[PDB]
Number of protein chains: 4
Amino acid sequence: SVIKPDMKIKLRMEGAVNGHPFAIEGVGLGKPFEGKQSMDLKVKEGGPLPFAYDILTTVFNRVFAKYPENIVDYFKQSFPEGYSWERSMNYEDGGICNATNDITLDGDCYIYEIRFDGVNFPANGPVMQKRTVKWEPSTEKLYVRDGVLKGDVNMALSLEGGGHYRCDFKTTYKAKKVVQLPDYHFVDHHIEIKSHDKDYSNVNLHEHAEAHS
Amino acid sequence: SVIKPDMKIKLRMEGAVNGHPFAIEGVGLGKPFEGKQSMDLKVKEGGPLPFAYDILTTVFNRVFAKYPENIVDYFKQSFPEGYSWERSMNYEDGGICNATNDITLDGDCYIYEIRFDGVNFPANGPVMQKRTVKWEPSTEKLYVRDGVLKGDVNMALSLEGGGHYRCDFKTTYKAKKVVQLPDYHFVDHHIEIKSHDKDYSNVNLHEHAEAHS
Amino acid sequence: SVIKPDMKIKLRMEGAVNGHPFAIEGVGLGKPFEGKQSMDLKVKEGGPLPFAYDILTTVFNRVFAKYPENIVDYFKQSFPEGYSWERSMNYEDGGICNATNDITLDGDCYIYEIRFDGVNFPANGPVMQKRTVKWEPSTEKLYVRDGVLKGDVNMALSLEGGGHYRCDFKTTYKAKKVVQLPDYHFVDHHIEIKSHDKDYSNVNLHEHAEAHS
Amino acid sequence: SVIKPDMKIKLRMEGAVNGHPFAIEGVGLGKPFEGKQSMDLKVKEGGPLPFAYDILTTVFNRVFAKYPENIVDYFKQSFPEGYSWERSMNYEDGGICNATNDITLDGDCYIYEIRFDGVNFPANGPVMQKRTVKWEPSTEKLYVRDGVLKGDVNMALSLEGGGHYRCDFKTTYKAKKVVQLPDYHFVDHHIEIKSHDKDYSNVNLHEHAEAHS
């Protein structure tokens, strides 16, 4: 009833990388039951971004994940009230990004309030030199911890001219009401930038996700 | 030719946890092309083990993983010469286990020389209090780094009376000859202790693994 | 010439902890050559703060450090233009705080623009439980990398009722102009909340710092 | 009574780095009350060592630390029975070394049983490249947890041609009998290889340590 087959997305991200502020706004559409979403993002402050756009994309909602009937869906349960999440993104060269998303619902439209803060990316690293190609597909591991839901994922950015650049995601998901806590399960992800302009001031972003156990 | 549908396993692990030495020997059988193996393990030194047996089980060979024709198989390529691996296992409460395996082939039998060293497990933690139930199934992420193969996995031990206890695996695999390096891929794992005696001096251990991309 | 024996401080911090937004303003005075400073801090938004105030205090300027003749002073060199820093603060229970400070100089007064973002603090951890007493005195180790100055410190919070809580600091300092780079050295720190009200709405904060080789 | 102004040291280390096995023996002498020691170390197996010798030196006894009257001496208290320690050494490029030392006393001579295991050192990192010069002087922070003594230290290796390489030490000290526990304190360390041959087959190693509050 609350979750519709076709829903809208509106977001604003405010943040900084290595002390340099930026802001991005986005509008999109998603199919919660099919685990598919797409959005168009516009850099409003800090452009052209002096860092790899890819570090931001997984911050731009696990309601857009196909959950089978036999797995408890923490996220679709949380609405209309919604949920928030916190995440640390620990890169292998010491770059660390912290992010949050507060997700509310206005009719058939999700509203995101996002904060993003990254520090200690080396000037000669693949992030500050914009040498990333894409995130590889992933499998997130989800488990309950002290009444809330945790999700951890080993992530990897493919690099221009070969190799990978690793990042460890640790997410905590917090429902704004009492919902059923799921057993240990997995979510397969695949995030892709389908189109962008020269300096990534405009980006079309897609994600597909499916839960399994 | 070198890899047979039915192969044998013989291993010896020497190690220590929190400064207390132990040794385990095992014999087993595996189906390399089906990604299935099973073994019987006997504690030879340090028994009865004062720590959770589960911390050891993933140390007791990625040749026992079903690789599809479209994914380069680093491990089956490495034989008859074989390969070695190194691993750090970083637990959330500061317990750290380092492990190595040197894998050789004698006819149709793999021979493992294993070293295992764990430190800083709290006395009141789930490892030293033997409060673990099993490892959850997992998805390992494999990627090439500087001419060798890396494999990282987010692991979780289910606990007696609820909850999970997290560990981060970082493995480096090193072929003893020049082999083809694979593209980014995944291996699904499920390791299970099928039977054991009261103090885990005798353990029957099973693993199923399948690669995908 | 621009560095005076007696100088003023004005600051604003905007931040969030576990997605809870807050803002703090500060006014103070410091003696750059004696490595002593003090300030009055006022919570302006997000009060009363639902976390241990001590996580913020080391974010509220290494210009206030007594540097001997034999060590190059990276920070006093940087003015009037000034410098900025970025820091990751990695707590032993997985809580991570990222912070930045952009420091400018207007007359005899330093102006700070501060951002603070902490995520994944466990509900039952000493930060969210407000169970910290003080930071123990510390020794920061400073070393050059990639033409900028790094500062790392092993930090510990004393806990109410006994025990300690560990945090590892990794700071990158960045002068806004080309300055002479120092060799490996140490800075001894002692930070103390001298007075506060019940909810820490008002805090008097003191720091003493001295460099040595 | 059992602690004399002049005491002897005999040790054996068995270990591996990146799966390469080695063994080292040592004989030395130390002055427990002055916090000074020196020893001659001889590679017995696995020579010539294919890694930076400096990773081993802090593993080759806090009984050799000058303790003032106002601080409880955990280590001198523990004898004649003695104590053991465990340590994780986490390097910034992902190399991790675990080590243990079991220290006993026979007459005026300390006997060490040492285990050392390092994994995941990158082929192009300063350890496998043998590009380290020395450990910088350090300050260890010691604090009680769970009835045992913890010691943590932010460590840095000076690199040949310039720059530094960071490692975080986490040590747990365990007395074999019930002893008085100290409050939070510091131990200043200075470790130096005074002489060695080309392949480090023979090494003369010195350490000076002093506690302070």
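Below, all heavy atoms of this structure are taken into account, side chains as well, without hydrogens, waters or symmetry copies. Chain naming here is simple, since letters A, B, ... match the order of the sequence lines and numbering starts at 1 in each.
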Does the ring center of [X] lie less than 6.0 Å from the ring center of [Y]?
X        : Y        : result
A:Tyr173 : A:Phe75  : yes
B:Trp135 : B:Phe169 : yes
B:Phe51  : B:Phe22  : yes

Flag yes if more than 12 heavy atoms outside [X] fall under 6.0 Å of its [atom1] atom; otherwise flag no.
X        : atom1 : result
B:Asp106 : CG    : no
B:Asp183 : CG    : no
D:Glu14  : CD    : yes
B:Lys177 : NZ    : yes

Side chain [X], main chain [Y], donor-acceptor under 3.5 Å:
X        : Y        : value
D:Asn120 : B:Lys170 : yes
D:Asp93  : D:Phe121 : no
B:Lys76  : B:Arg62  : no
A:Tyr184 : A:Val144 : no
A:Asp197 : A:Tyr200 : yes
D:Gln129 : D:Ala123 : yes
A:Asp40  : A:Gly26  : no
A:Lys130 : A:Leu49  : yes
B:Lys44  : B:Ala23  : no
B:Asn98  : D:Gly118 : no

Worked verdict on A:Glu210 versus A:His212 for side-chain hydrogen bond (donor to acceptor under 3.5 Å, both in side chains): CA-CA 7 Å; A:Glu210 291 189 11; A:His212 64 276; over 6 Å; no
Output yes when [X] and [Y] qualify as a salt bridge under the 4.0 Å nitrogen-oxygen rule, no when they do not.
X        : Y        : result
B:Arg115 : B:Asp117 : yes
B:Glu92  : A:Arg145 : yes
B:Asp108 : B:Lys4   : no
B:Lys134 : B:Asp54  : no
B:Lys176 : B:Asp102 : yes
D:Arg131 : D:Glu160 : no

Calculate, to the nearest 0.5 Å, the distance between atoms [atom1] and [atom2] belonging to [X] and [Y] respectively.
X        : Y        : atom1 : atom2 : result
A:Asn90  : A:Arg166 : CG    : CZ    : 10.0 Å
A:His185 : A:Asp73  : NE2   : CG    : 7.5 Å
B:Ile103 : B:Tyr83  : CD1   : OH    : 3.5 Å
A:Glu136 : A:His190 : CD    : NE2   : 8.0 Å
B:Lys36  : B:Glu34  : NZ    : CD    : 11.0 Å
B:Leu41  : B:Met13  : CG    : CE    : 8.5 Å

With heavy-atom distances below 4.5 Å as the criterion, would you say the side chains of [X] and [Y] are in contact?
X        : Y        : answer
B:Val43  : B:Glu25  : no
B:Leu105 : B:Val2   : yes
A:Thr171 : A:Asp152 : no
B:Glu113 : B:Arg12  : no
A:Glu192 : A:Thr57  : no
A:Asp168 : A:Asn154 : yes
C:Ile96  : A:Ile96  : yes
B:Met155 : B:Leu157 : no

Residue from B:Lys150, B:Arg87, B:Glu86 passing side-chain hydrogen bond (donor to acceptor under 3.5 Å, both in side chains) with B:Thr172: B:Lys150
Check against side-chain contact (heavy atoms from CB on, under 4.5 Å), A:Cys97 and A:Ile55: CA-CA 8 Å; A:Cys97 294; A:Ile55 71 166; 4.2 Å; yes
Working for side-chain hydrogen bond (donor to acceptor under 3.5 Å, both in side chains), residues B:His206 and B:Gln37: CA-CA 6 Å; B:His206 289 237; B:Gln37 62 173 313; over 6 Å; no
Derivation of the side-chain contact (heavy atoms from CB on, under 4.5 Å) call for B:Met39 and B:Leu29: CA-CA 6 Å; B:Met39 57 177 67; B:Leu29 304 162; over 6 Å; no
Candidate pair B:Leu56 and B:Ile24, rule side-chain contact (heavy atoms from CB on, under 4.5 Å), full reasoning: CA-CA 10 Å; B:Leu56 304 172; B:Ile24 294 164; 3.5 Å; yes
Atom of B:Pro126, atom of B:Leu159 and distance for their closest heavy-atom approach: CB-CD2, 3.6 Å
B:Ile114/B:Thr100 under side-chain contact (heavy atoms from CB on, under 4.5 Å): CA gap, chis, key distance, verdict: CA-CA 6 Å; B:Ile114 291 164; B:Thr100 62; over 6 Å; no
Criterion side-chain hydrogen bond (donor to acceptor under 3.5 Å, both in side chains) on B:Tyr110 and B:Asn61, from CA distance to verdict: CA-CA 9 Å; B:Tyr110 298 102; B:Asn61 191 359; 5.5 Å; no
Parallel, tilted or perpendicular, as decided by the 30° and 60° cut-offs, for the rings of A:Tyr91 and A:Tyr165: parallel
